[PDB]
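A.B. asks: enclosed are the sequence and the experimentally obtained structure.
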Amino acid sequence: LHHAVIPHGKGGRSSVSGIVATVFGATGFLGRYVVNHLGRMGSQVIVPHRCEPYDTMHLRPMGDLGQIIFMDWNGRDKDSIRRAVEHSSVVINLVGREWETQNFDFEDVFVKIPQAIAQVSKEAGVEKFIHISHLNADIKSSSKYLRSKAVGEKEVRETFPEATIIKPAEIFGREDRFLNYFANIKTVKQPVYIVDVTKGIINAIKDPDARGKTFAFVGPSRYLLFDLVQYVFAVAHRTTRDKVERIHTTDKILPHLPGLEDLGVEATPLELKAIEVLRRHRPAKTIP
Amino acid sequence: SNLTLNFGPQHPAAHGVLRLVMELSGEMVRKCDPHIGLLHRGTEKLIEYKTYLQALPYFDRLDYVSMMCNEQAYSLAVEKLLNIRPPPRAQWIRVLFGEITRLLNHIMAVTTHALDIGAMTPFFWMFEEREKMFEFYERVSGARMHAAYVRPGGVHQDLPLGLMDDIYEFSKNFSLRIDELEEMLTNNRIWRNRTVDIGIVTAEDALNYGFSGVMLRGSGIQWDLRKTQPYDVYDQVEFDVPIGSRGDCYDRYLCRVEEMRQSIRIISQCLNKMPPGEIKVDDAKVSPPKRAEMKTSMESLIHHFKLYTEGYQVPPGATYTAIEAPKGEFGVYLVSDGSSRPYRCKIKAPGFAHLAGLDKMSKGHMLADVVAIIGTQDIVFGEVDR
Amino acid sequence: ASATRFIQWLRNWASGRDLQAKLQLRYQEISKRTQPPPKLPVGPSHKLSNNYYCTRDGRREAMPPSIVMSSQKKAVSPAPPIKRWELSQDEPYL
Amino acid sequence: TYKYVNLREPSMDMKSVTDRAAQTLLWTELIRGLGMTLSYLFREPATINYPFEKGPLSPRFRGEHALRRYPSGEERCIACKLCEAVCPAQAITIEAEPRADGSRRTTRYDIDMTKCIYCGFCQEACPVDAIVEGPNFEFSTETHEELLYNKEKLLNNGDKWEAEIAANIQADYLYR
Amino acid sequence: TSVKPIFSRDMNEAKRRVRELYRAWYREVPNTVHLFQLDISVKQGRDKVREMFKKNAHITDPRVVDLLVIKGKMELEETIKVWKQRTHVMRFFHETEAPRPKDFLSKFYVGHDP
Amino acid sequence: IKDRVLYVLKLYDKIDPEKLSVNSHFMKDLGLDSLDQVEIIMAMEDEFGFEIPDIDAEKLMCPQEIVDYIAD
Amino acid sequence: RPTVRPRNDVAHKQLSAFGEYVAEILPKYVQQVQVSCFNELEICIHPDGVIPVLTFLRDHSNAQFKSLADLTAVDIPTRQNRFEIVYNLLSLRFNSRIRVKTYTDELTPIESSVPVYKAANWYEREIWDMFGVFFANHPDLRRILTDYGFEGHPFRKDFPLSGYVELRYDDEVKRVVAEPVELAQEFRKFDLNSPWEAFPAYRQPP
Amino acid sequence: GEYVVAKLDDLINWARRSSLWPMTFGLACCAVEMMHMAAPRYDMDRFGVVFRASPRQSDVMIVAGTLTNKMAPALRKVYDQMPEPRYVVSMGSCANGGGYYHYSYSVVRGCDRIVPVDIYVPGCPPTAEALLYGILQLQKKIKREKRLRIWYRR
Amino acid sequence: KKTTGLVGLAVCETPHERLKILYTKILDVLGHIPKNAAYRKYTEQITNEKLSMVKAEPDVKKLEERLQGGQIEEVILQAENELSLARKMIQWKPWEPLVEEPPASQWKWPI
Ligand SMILES: NC(=O)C1=CN([C@@H]2O[C@H](COP(=O)(O)OP(=O)(O)OC[C@H]3O[C@@H](n4cnc5c(N)ncnc54)[C@H](OP(=O)(O)O)[C@@H]3O)[C@@H](O)[C@H]2O)C=CC1
Ligand code: SF4
Ligand code: SF4
Ligand code: SF4
């Protein structure tokens, strides 16, 4: 270990965790929890952002002075990718979009961009690579989103064989597009808490076993979609064609893949955190 | 019903933040429970880790409207424990800038009191005068507010050439500015309706509740530390102590306006009686030598080196030293253990006991009166919380 | 300083004062911003003889407190009663 | 000596009573207050045209710090640490060692400008006029980190402002 | 060993006050969870009360017990009168603190602290 | 009474119906602590809607003693 | 002598005489009376005497210390009773100040002096908050300066300068949280005391 | 296309920096210098910075003084209730990073541990002119925003 | 007198009579204190001194000057305070020996 990245302190804000992480997609729902957890323990975080600096301000208080560094980057500019990962020991890719746009389609955000990040990271000598895919990724899905997730999942493994691929179920939390999606409006779902996904990602960085593996992050219980939507409306005291297709895909069961338990994380029940998410909008039987 | 007042008004205000928990029955206030500590910064503990010189700037930041007066109180306490005496010219400078500071405080007290009651305009007129007085601070110390100018042993530097002429030109016109302020307020029937018979306190109660300054004189008590326990050269200037008769907000307002006039009267004598000589005690084991001496004489260099690293040792002892600060009796209970760092420094802020009497003074008044009563006490939470 | 004579009369009448004699804005009456150098005096300890520090050592003249009573006739007050204050002759009543 | 601020007996003769009734009914003292604000309307305002016009300052002004040199270009600071010892905020951090030519010079000289209280004790304490508070006060930044000055920044400040700093010291050093 | 009491002259008198304070805290928890809109359950809140009481169960000085009850009442008054805010109540649970290693090996790996 | 008292005590989580006898001691038999006892009495004050002072509650160490106290 | 503070023997004599006066009248409580070299009178008393002594000084016709200037505490850990309670009183009638001192430890309460001076109300709340001294029969004793839920008494000599916890905003829980204190720059302790004695007049016996 | 988005950004940026309504947290001595910026010599109103602004009508928060632990939750609450766009100016050493009270047990070591900060104004206190320089610097920061340019390229 | 000048302190119509009654009551209360108690000896001495002035001087302005206790209504207030104290002193009995000695180094400064 380079002397500058030997851990020091007691794991707090002013400590040195030894982690130098570049987090692509840090300005999103998942990225704000990952950056927060990295900053809690005194990691150096590089935050390449496409958005206006005004939209990165919520990340500023998450680290001690100097621990959060912001950079401009473009998905299609590899030089900007190289500048961001050049000094990092881990690269985390949280880039994604739940819809397509004129300038970026699902193939751009879930295939071309992840592949470019992984390739430049390997060429830059980056040691660890974390890539977020999706539990229901499949090249036979009715959803173009889930089809692209499968193709990109394959290209990342080919480019960065030692990459740690994580495949979460739909994530619920304060800023999600799951419980909030239902509160604003057959299939079986296994939603997983945002903090559990974040903790698992942080543990995959610190765990040398996670290299080269693919994980499936799922919640404890499986809910029939109808029961889930009724539960949300009760707690709340009350879109695109692709999004509907994804929401109606039954969560794949993959017992061969390691899960949160293998990374030391205890999956949080939905019922414990449902009120937290839905309180601002003011128990489903599981499938054994 | 229970109600909480806002931290501060919606216009710039520099008194700090207060959480006032009140019990009301209709329009009337039945209980007032100030919740302070929102500007508690453990100043008294921090001072124990400083030398006596290093702790002096903390006193600028207590009642941060009366900076040099707070410096004077601390300097007098250390001078007493040191058993030394500042030279006469420094004493006159300290009285001169003590009264300039009183003007600064009374403008802030009177005009923000009016501003919170809704009379915005006088604040703007009189803060131009405050801006000119900030320039006097800056010309002697290099800082507009936290001068750190008055120190044990005297003052840090002599007045620059030409400063006293400018203080004279300012003082020449200031009474007219007070008159304009009185034209707006003194006889105004709306101002009198907001202040007359509001927050009455008896002479007996004022004493037992620990009040001081105008909070005593508004009730007819004939007391002023500059008269009764004079310090520096206050025994050498002539001035009158304004005394109230009704013990209410209006009389206290009149006392503060008249005190401003007496401060001009004192400043006039200071400008004419300023003596020549050195401005800090000619004892280099307490006051650092001149820079030219420090760069030429072996003894001066040693004493400069030691005064700015270890600092002077103060003989063991304890003193309670108080002055007539613009807000009332401001004192320090300073304990020396013989070293160059104070063992204990308790600060007596006049606004602490005044605010503790808010519940007593607000009884039988309406919600809008609570604002007037806070203003008449002239509360700054740097000195309340420390 | 540059107000027209009519405007000077109007604001003088409205205020009831001679504002022009005590303007709150400073012009050329103030001191020059460049001054001649000072030559400051020295204190009374700046002597070449008869100036031994032990004769002017205030700190070393401080003593520990006098112990009047330790647990190891006419009545008195802590000081004479304070003398009643006099009314100002400059202006007793505002 | 004392005076009464509010101890006056209103006269109860008819003329005086009718003066007070006229004031009550005809709002005379309120009109008087309107006269005062009207007179101010026609006064020249006190506002200056910042940033084209600036508030007046004196040579003693305590602004942004800088590290100074001798006329030959040698640094004045000899790492005595008097400024670091006196600093009331512990804002100064210094490390030193013998320079390659044997000189006593600092290898670290940091001022945390967000700890500093801009009191000027460091420049009082300095025996060689090395650390000064300059005249600059317009150095606000967009990040906290930009206000943690290291030695290179402070030396650059000295080289940037020496022309003004030297003249201000020439103006005030006989008062010190 | 002759001292001025605070409130209770012996442990039996002191333990009566402890039980009275526990009763008040026990009944307050449901109101606290509602008033502060806490995401914790009432059982979690009452378990926290028990843990705080249990940690001082070994005291045998009635004066020390009096002070603990005096402080516990002050804490309750802050909570009931809503002088505390949501953050102050949740400070009992240390949610953002990562679990600190307990066994010798875990501590040995992470630093020098015992 | 006795049916109501046992209903609460069975409904108490720390207590199992197996060892809950009408004469069982809350401490020795059921293994409860002093704060568990205070918790039990608070449930009794809820079932019957009246207050039980701490001086009284400190002797009700078995369910039968609670039965007797409620009757009086 | 221009640099030396002048003595005032007249006030030293007056205060000494009044010091004996108070000791003669309250022998049940007065343990020591001293007058400092700068003329300040201190009455050191047994803590049981707080109310009788303060009441006497307030109401006696030869005293009339009607104004409580300040009430504070001092922590001296080496003393069996580490806390020294200091009352600074003022008499407007006789234009004089007196100081009354007593002591207590962590577990021994002091009688509240609110009945004698209403000013004492908040001063005693501050002493309780900052030093942890309990005042018996205080109408409303609770913290006044520290944050709600604050643990410890910061003005005790053995309380660390930066405390034990510090606050920050945490986005995950969307609130301000409290965590164990870590400092980017540790406070730098300085050893300043010269190894040479400064004041012979205060030398303690070996 | 790009031309229309470029000018709309200029218009909205101009409106926002020309109408900056501040919520002042007058916490300690720095608030005094803030009042002097409102006073006639500098008259911040003449730049469009209104004197009296309600927290729910505010575009910029000025943290003028020491932030204690006791006060930190209340400051965050006011920030959270500010409608966007919202900016924070940290004024003075205490707010910037604890200042003279940095090592105190009761003080937040910089308000940027509680809220994001846009401008740091140094000094103890900064002069009224130095604060005004900071507000003018925030205006030029708003002038550089490209919100619609970013949105168009999404 | 129209006013005493101190808020809340009413003027007294019959100050000479009021002081005679108050000083007589104080002397009566002091009789229940032990003869050797310093409080009784001193309080009686000053009380008798003031009572004699009240009897000698029938002019309030000239009596006020003799007593030197402010206005005559301030003297009456102080007499009421002394009487209140005298009654409390009987229950405290501060003339008794020192209740307890301090620890050996209790009042030693510096440490
Ligand atoms: N949330 C869920 O339920 C699940 C999420 N995931 C994966 O987790 C990752 C993030 O989840 P989430 O954070 O919720 O997604 P968000 O949409 O919340 O965040 C998306 C991130 O990707 C960035 N981004 C999007 N498009 C582009 C682009 N064209 N060029 C550059 N940057 C871009 C965004 O930056 P900007 O802010 O600039 O748009 C943002 O930072 C994604 O990969 C998603 O597929 C997997 C399974 C479930
Ligand atoms: S100005 Fe004062 S606080 Fe700032 S570095 Fe110098 S000595 Fe330290
Ligand atoms: S700047 Fe001056 S005082 Fe500080 S270390 Fe250098 S020479 Fe010494
Ligand atoms: S930075 Fe200076 S002026 Fe501002 S609040 Fe802190 S001490 Fe006061």
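C.D. replies: In hand now; what should we look at? Numbering: from 1, shown residues only, chains lettered A, B, ... in the order given. Ligands and ions are numbered 1, 2, ... in the order given.
A.B. asks: okay, now whatever residue of chain E ends up closest to chain D: neighbour count?
C.D. replies: Closest approach between chain E and chain D, counting by Cβ to the nearest Cβ: residue E:96, at 21.7 Å. In short, each C-beta sits where N, CA and C put it, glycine included. Using other Cβ atoms under 10 Å in any protein chain shown, residue E:96 is surrounded by 17 other residues.
A.B. asks: isn't it up against residue G:171?
C.D. replies: No: applying Cβ atoms under 8 Å, one finds residue E:96 not in contact with residue G:171, separated by 10.1 Å.
A.B. asks: ok, residues contacting stretch B:73-84?
C.D. replies: By Cβ atoms under 8 Å, 6 or more residues apart in numbering or on different chains, the surrounding residues in contact with stretch B:73-84 are B:52, B:55-56, B:59, B:85-86, B:94, B:150-153, B:231-232, B:281, B:283, B:286, B:312, B:314-315, B:317, B:319, B:321-323, B:325, B:330-332, B:334, B:336, C:58-59, C:61-62, G:3-5, G:37-38.
A.B. asks: near chain D, which of those residues show up?
C.D. replies: Among the contacts of stretch B:73-84, the ones lying near chain D by Cβ under 8 Å from any Cβ of the partner chain are residue B:55.
A.B. asks: what sits against residue 120?
C.D. replies: Defaulting to chain A. Contacts of residue A:120 by Cβ under 8 Å, 6+ apart are A:78, A:81-82, A:85.
A.B. asks: chain G was what I was after
C.D. replies: Listed by Cβ under 8 Å, 6+ apart, the contact partners of residue G:120 are G:68, G:71, G:112-114.
A.B. asks: hang on, the earlier thing: type out the PyMOL command that picks the buried ones from the contacts of residue A:120.
C.D. replies: To isolate the buried subset of the contacts of residue A:120 in PyMOL, counting by 16 or more other Cβ atoms under 10 Å in any protein chain shown, use the following:
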select buried, chain A and resi 81+85
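A.B. asks: wait, does the helix ranked longest in chain D contact ligand 3?
C.D. replies: The longest helix of chain D (DSSP state H) is helix D:151-172. No: Helix D:151-172 stays clear of ligand 3 (Cβ under 6 Å from any ligand atom), getting no nearer than 9.2 Å.
A.B. asks: next, the buried residues of that helix.
C.D. replies: For helix D:151-172, burial by neighbour count (16+ other Cβ under 10 Å) applies to D:151, D:153-155, D:157-158, D:161, D:165, D:168, D:171-172.
A.B. asks: which pair of those residues spans the longest distance?
C.D. replies: Based on Cβ to Cβ, the longest span within the buried residues of helix D:151-172 runs between D:151 and D:171 and measures 27.3 Å.
A.B. asks: show me the contacts for the closest residue to residue A:254 other than its chain neighbours.
C.D. replies: Distances taken as Cβ to Cβ, 6 or more residues apart in numbering or on different chains place residue A:216 nearest to residue A:254, at 5.0 Å, with adjacent residues excluded. Residue A:216 makes contacts with A:135, A:167-168, A:254, A:257-259, as judged by Cβ under 8 Å, 6+ apart.
A.B. asks: tell me the strands beside the helix or strand in which residue A:216 is found, with direction?
C.D. replies: Using DSSP states H and E, residue A:216 sits within strand A:214-217. Strand A:214-217 sits in its sheet next to strand A:164-168 (parallel), going by DSSP bridges.
A.B. asks: can you list the helices and strands that the next helix-or-strand element following the strand it pairs with packs against?
C.D. replies: Sequence order places strand A:171-172 as the next helix or strand after strand A:164-168, per DSSP H and E. Where contact means 3 or more Cβ pairs under 8 Å, 6 or more residues apart in numbering or on different chains; DSSP states H and E, strand A:171-172 is packed against strand A:192-193, helix A:194-206, helix A:270-278.
A.B. asks: contacting residues around strand A:171-172?
C.D. replies: The contact list for strand A:171-172, computed with Cβ under 8 Å, 6+ apart, reads A:29-30, A:178-179, A:191-194, A:197, A:270, A:273-274, A:277.
A.B. asks: is chain H contacted by stretch C:18-34?
C.D. replies: No: Stretch C:18-34 is not in contact with chain H by Cβ under 8 Å from any Cβ; minimum separation 9.5 Å.
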